[PDB]
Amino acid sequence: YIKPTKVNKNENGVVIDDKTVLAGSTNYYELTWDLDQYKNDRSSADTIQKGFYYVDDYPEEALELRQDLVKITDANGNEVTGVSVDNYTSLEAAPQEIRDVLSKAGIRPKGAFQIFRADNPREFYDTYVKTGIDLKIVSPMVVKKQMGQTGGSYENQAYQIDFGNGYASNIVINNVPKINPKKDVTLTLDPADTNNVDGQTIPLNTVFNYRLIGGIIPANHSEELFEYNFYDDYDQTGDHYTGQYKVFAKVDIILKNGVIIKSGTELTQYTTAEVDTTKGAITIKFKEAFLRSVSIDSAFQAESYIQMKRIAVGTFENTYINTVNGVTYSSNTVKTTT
């Protein structure tokens, strides 16, 4: 059976079809150009001249192209030359040549799409088609930051067009988690206590905590965590950072080696803090090697407690930024009175 096939992979070449993919992650889409049914073909010149194209109809509202990382290899491992790639923002913008090929093949891409085109049909034919050598196209596409603000699902589909005939690939679907960091104000540490004093008043010179709750990274995700930070530029005219902070697991976490770390476990040992005393700021950073030791199948979430002393009267606000794999996500803003 002639079948162009499409599979999504992470940067380590693991298959990630149906996995949760974080904003900022790359989909290393691998497109198969299925030519193995044409072995020994001996078509006319007119027929060969109808050309060979491949189409990827990618979801442009969710993903951005990484053009430069596009690679085409033949089944014998030779890199493929003679195939050029063009990205079109809409059908309306494609040349007539392209609109006609697509129309006569019964292919109508939704929104934006890529075309891979054999520059010389005769030569492409003689090289890969009459010999039935399948090609592999890798066309990496990054999930836009915005998908991480809204959550959502996206799908990708390809077509191959041989002698002007179109064949559709399977459709690959993934989804993106809405990362929503939260910020509470608490009077005690101890994660079990759900008390939140956002809005209330704090007596002058009270030692308290800002509770910085990280975004939830769901199980079955597509790549390794390498960064998970809590950045807090607090108002030092109101709040004095006391130099004390702790970090806790907020869901059960499973490592690559099978070791489990229960929700509530203190994770401070796997962190450092970058402190900027003049600016009045602190960044709590998970060590990259710890994050990377976590299984891609595991859920992951953590929360930091920074200990503050209220040192003046007035109304003071605070906000923090949770940075996950290079993408920033802001929390709500708390406000207390003194």
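Quick note: we count residues from 1 along the sequence shown, nothing fancier.
Problem - 145 to 153 versus 188 to 196 - greater average Cα B-factor per the deposited record - result: Going by the record's values, the stretch with the higher mean is 188 to 196.
Practice task
For the higher mean C-alpha B factor in the entry, choose 208 to 216 or 165 to 173.
Solution key: It is 208 to 216.
Exercise for the section: Between 259, 115, 138, 202, let me know which has the highest C-alpha B-factor in the entry? Expected result: Reading the PDB entry, the winner on C-alpha B-factor is 202.
Handout entry: Which of 85, 251, 72, 254 ranks first by CA B-factor in the deposited coordinates
Key = Top of the list by C-alpha B-factor: 72.
Practice task
Determine, from the deposited record, the chain-internal third of the Cα B-factor for residue 312: lowest, middle or highest.
Solution key: CA B-factor rank for residue 312: highest third.
Handout entry: B-factor third for the C-alpha atom of residue 80 within its chain
Key = For residue 80, whose C-alpha B-factor we compare with every modelled residue in the chain, the answer is the highest third.
Exercise for the section: Divide the modelled residues of the chain into thirds by Cα B-factor and specify which third, lowest, middle or highest, holds residue 39. Expected result: Middle third by C-alpha B-factor.
Practice task
Can you work out whether the C-alpha temperature factor of residue 46 puts it in the lowest, middle or highest third of the chain?
Solution key: Highest third - that is where residue 46 ends up once the chain's C-alpha B-factors are sorted.
Practice task
Can you work out whether the C-alpha temperature factor of residue 5 puts it in the lowest, middle or highest third of the chain?
Solution key: For residue 5, whose C-alpha B-factor we compare with every modelled residue in the chain, the answer is the middle third.
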